[PDB]
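J.: Got a structure for you, questions after.
There are 2 protein chains.
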Amino acid sequence: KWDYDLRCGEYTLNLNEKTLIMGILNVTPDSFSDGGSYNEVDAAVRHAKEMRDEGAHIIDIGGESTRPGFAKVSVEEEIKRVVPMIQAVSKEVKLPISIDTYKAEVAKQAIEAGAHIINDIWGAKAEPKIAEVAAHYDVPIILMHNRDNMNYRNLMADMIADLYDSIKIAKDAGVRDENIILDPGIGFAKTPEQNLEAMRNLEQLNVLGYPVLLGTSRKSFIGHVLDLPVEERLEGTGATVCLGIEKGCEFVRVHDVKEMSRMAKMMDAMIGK
Amino acid sequence: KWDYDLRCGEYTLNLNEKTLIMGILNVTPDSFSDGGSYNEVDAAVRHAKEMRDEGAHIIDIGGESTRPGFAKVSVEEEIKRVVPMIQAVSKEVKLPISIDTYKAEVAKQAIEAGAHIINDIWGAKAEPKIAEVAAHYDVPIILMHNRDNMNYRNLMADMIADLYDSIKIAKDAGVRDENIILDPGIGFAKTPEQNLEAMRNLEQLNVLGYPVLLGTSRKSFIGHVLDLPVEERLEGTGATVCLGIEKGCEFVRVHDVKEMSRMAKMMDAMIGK
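Each protein sequence line maps, in turn, to chains A and B. Mapping of the first sequence onto my numbering: position 3 corresponds to residue 5, and the numbering continues sequentially without gaps. Mapping of the second sequence onto my numbering: position 258 corresponds to residue 260, and the numbering continues sequentially without gaps.
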C-alpha cells in the first residue's frame, strides 16, 4: 500500500509491516525550576524507557502549552522545559521523537535538540511558519484537524476540506508529500456525537492519500459513552484503537502502551497487515 | 435489522439495541462428590452473580464433558454435576442460562432444570436428537461450526456449507428460524492461520440470515499471534471482540465480562448499534 518508508533521520519507519505505536510523554514540571531539573527530566527518561520496553515506536513529547493542560506560557519558557527533555530522551532512548507543538519556534528548537517529527494540533493554521520549519529540516509533520467554531454543514466533508487547507499550507511551504501525516483530531472542535460520527467514517480520510494517525487515548467522549472517569478508559480507548486500525490508520497515539501494543498486534494479524 | 426478539421463556433479548454478552461459567468440581455439593455450587452462583454485576446478559454453564477440558464422562455423571448448578444459578441470578453441551440428554435435563438456550459445539451433528429436544421446548439453539478433518477446499465457503448442513438438521427437526443462532467455531478444526482467515472474513456468515455469536475468549490462536500464556490474553481477546462486532456479530462469549462489556459498549456507540 505505501511505496515509501517514513524517513526520520537516523530512524526509518515501515508503514506496511505493523501499526505504529506513538507513546505519549507529558512533562511533569518541578516546583522550583523553569526546566531541565534532574527530577523532571529523569521522570521523562524513565517513562520513555518503559514505553520503549512495552512496544512504542515513537515517543511524543509535550510541554506545558500543549494538551492536556493548554497552559499560557511564552515561547522562551516553553523552550527551557522542552529542550532538556528532548536532549536526554533522544540520547538515552533509541526511538524517533515527536514534538507536540503548534508554535514554529518551539518546533525549530526541538528539532535542533534532537526531535524527528512535528506533531501540530492546529495543522499549520495557528502559525503557518511551522510548515517552513518542517520543510527546511525535511522532517515529517502531522497535521491535525482543528477549528475555532463547531458549525459543520457536513462533518466528514468539512473535516476533509479543512485538512486539505492544511495540506495546501504545508505543500506551499515546500513540505514533500512523503512528509505529511494527517490526524482527524478526535476530541477537538467536536461534540461527543460528532466524535462518534468521525470514528464511524474514519476510512473516508484515506481518499486524501496520506498516512493517518489516530489519537483517541483517554478522551472525554469515551467517558461520555461509558460514564467512566479518565483512569477507567483503557477498554474504551482499546475499542477506538481497534476500529481505527480496521479503518486503515497507520499510527495510534496512546498513553497505555503495553495494552494498546498487544491490541494493535492482534488487529494487524487479523486484517493481514 | 432484526424484526424479532430472542424469546427465552421469562426473558427477552433484543437483538438490535446492543451487543449481547455471554459470560462463561465452567464447573469447578469438588474432590469428594459427584456433584451438587455446597462448595462447588456456591462457587458457580458467586461467579454468575459477579458476571451479572459486570454486564453479562446470559450465563453459559458447562459441565466436565465440554470445553476446555473435554473429560470423558457418562451422561448420568454429567447430569449429577450440571443440574444442581443450573437449578441454583437460575433461581439466584435473573438472566437467561445457556447449557453448553452436544449431548441430547444433557440438554433435555438442563432445560428441565431451568436452562433457556442450548449451546452446541457440534451443531447437531454429534447427536442429531439435540435438535428434537430444542424443537420440543421451543428454545434457541447455537449451532457451532466444527469438523473431524481439516482439509478445506476454501475455508469460508466450506464453513458456510457445513453450517448450512447444521441448519438443515435443525429445521428438519422443527426448530423455528427465530430459534437458530450460528457460531463460526474459532479454535475448532482450524489451524492458527485458518482462525485468522475466519476472523478476517466473518461478515460472510451474515449471508445465511441468522444471528451470529463469536467465541474467541482466551483461545490459543491469540497466544500464537502474541506469544502470551492464557492468563495474558485479555487484550488479544478484546481485539477479536471489537472486530467481531464490527463485522456484525450479535453475541460474544467471554470470560472477562467487565472488560469486554466496556469494549462492546464503546464499539456499539461507534458503529451506531
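We treat Cβ as the ideally placed atom computed from N, Cα and C, and that holds for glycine.
Around the Cβ of A/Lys221, are there at least 16 other Cβ atoms within 10 angstroms (buried) or fewer (exposed)?
T.: buried
J.: Determine the direct distance from the alpha carbon of A/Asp140 to that of A/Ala73, and round the result to whole angstroms.
T.: 29 angstroms
J.: A/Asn148 and A/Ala191 look like a contact to me (Cβ under 8 angstroms); what is the Cβ gap, rounded to whole Å?
T.: Yes, they are in contact, since the Cβ atoms of A/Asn148 and A/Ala191 sit about 6 angstroms apart, within 8 angstroms.
J.: For the beta strand (DSSP E) containing B/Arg255, name the first residue and the last one.
T.: DSSP places B/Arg255 in the uninterrupted beta strand (DSSP E) bounded by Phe253 to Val256.
J.: Does the region 243-254 of chain B touch the region 208-222 of chain A, meaning 3 or more C-beta pairs lie closer than 8 angstroms?
T.: no
J.: Please decide whether B/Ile224 counts as near chain A, where near means a Cβ-Cβ distance under 8 angstroms.
T.: Closer than 8 angstroms to some Cβ of chain A, the Cβ of B/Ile224 qualifies, so yes.
J.: Just to confirm, is the Cβ distance from B/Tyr13 to B/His138 under 8 angstroms?
T.: no
J.: Using the rule of at least 16 other Cβ atoms within 10 Å of the residue's Cβ for burial, across every protein chain shown, is B/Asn197 buried or exposed?
T.: buried
J.: Using the DSSP secondary-structure output, state which residues sit across from A/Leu15 in a beta bridge.
T.: A/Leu8
J.: For B/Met24, list the residues DSSP reports as bridge partners.
T.: Its beta-bridge partners are B/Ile60 and B/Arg255.
J.: When DSSP labels each residue in this structure, what does B/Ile188 get in the three-state scheme?
T.: In the structure shown, the three-state DSSP call for B/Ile188 is coil.
J.: Output the distance between the C-alpha atoms of A/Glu205 and A/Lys275, rounded to the nearest integer angstrom.
T.: 16 angstroms
J.: The region 210-234 of chain A: which residues have C-beta closer than 8 angstroms to a C-beta of chain B, in chain order?
T.: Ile224, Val227, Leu228 and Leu230
J.: Leaving aside the five residues before and after B/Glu195 along the sequence, list all residues of the same chain whose C-beta is less than 7 angstroms from its C-beta, in chain order.
T.: none
J.: Rounded to a whole number of angstroms, what is the C-alpha to C-alpha distance between A/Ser67 and A/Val84?
T.: Counting only the Cα atoms, A/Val84 lies some 10 angstroms from A/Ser67.
J.: Along the chain, where does the alpha helix (DSSP H) containing A/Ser222 start, and where does it finish?
T.: First-last of the alpha helix (DSSP H) with A/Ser222: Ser222 to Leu228.
J.: Chain A beta carbons: is any one of them nearer than 8 angstroms to that of B/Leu22?
T.: no
J.: For B/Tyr212, count neighbouring Cβ atoms within 10 angstroms of its own Cβ and tell me buried if that reaches 16, exposed if not.
T.: That one is buried.
J.: So within the region 67-113 of chain A, which uninterrupted alpha helix (DSSP H) runs reach at least 4 residues, ignoring any that extend past its ends?
T.: 77-94
J.: Note down, in chain order, each residue of its chain lying with its Cβ closer than 8 angstroms to the Cβ of B/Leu230, except the 5 sequence neighbours on either side.
T.: Excluding residues up to 5 positions away in sequence, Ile224 and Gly238 lie with their Cβ nearer than 8 angstroms to the Cβ of B/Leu230 in the same chain.
J.: Looking at the strands, I want to know which residues DSSP matches up with A/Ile182.
T.: In DSSP, A/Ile182 forms a bridge with A/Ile143.
J.: CA-CA distance, B/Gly37 and B/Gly71?
T.: 17 angstroms
J.: Counting only C-beta atoms, is B/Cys10 closer than 8 angstroms to chain A at any point?
T.: no
J.: Would you say B/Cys251 reaches chain A, if we count a Cβ-Cβ gap shorter than 8 angstroms as a contact?
T.: Answer no: the Cβ-Cβ gap between B/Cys251 and chain A never drops below 8 angstroms.
J.: Let's see if you can read the secondary structure: which residues bound the alpha helix (DSSP H) around B/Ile171?
T.: That run of the alpha helix (DSSP H) goes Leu157 to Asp174.
J.: Output yes or no for whether 8 angstroms exceeds the beta carbon distance between A/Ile88 and A/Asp122.
T.: no
J.: Between B/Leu198 and chain A, is any beta-carbon pair separated by less than 8 angstroms?
T.: For B/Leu198, at least one C-beta of chain A is nearer than 8 angstroms to its own C-beta.
J.: Against A/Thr242, what residues of chain B qualify as contacts under a CB-to-CB distance less than 8 angstroms, listed in chain order?
T.: Ordered by position in chain B, the residues that pass the 8 angstroms Cβ test against A/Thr242 are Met268 and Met272.
J.: Nearest-angstrom Cα distance between residue 303 of chain A and B/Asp102?
T.: The requested residue 303 of chain A is not part of the displayed model; chain A covers only 3 to 275.
J.: If you draw a straight line from the alpha carbon of B/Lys170 to that of B/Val177, how long is it in whole angstroms?
T.: 10 angstroms
J.: At least one CB of chain B closer than 8 angstroms to the CB of A/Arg69: is that the case?
T.: no
J.: For B/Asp36, report the span of its alpha helix (DSSP H) as first-last.
T.: For B/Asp36, there is no enclosing alpha helix (DSSP H), since its DSSP letter is neither H nor E.
J.: Does the CB of A/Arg255 have a neighbour CB from chain B at under 8 angstroms?
T.: no
J.: Could you have a look at B/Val177 and say whether DSSP puts it in helix, strand or coil?
T.: Coil, per DSSP.
J.: In the DSSP assignment, what residue or residues form a beta bridge with A/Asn121?
T.: A/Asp102 and A/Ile144
J.: Do we get a CB-CB distance below 8 angstroms when we pair B/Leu245 with the residues of chain A?
T.: At least one chain A Cβ lies under 8 angstroms of B/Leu245.
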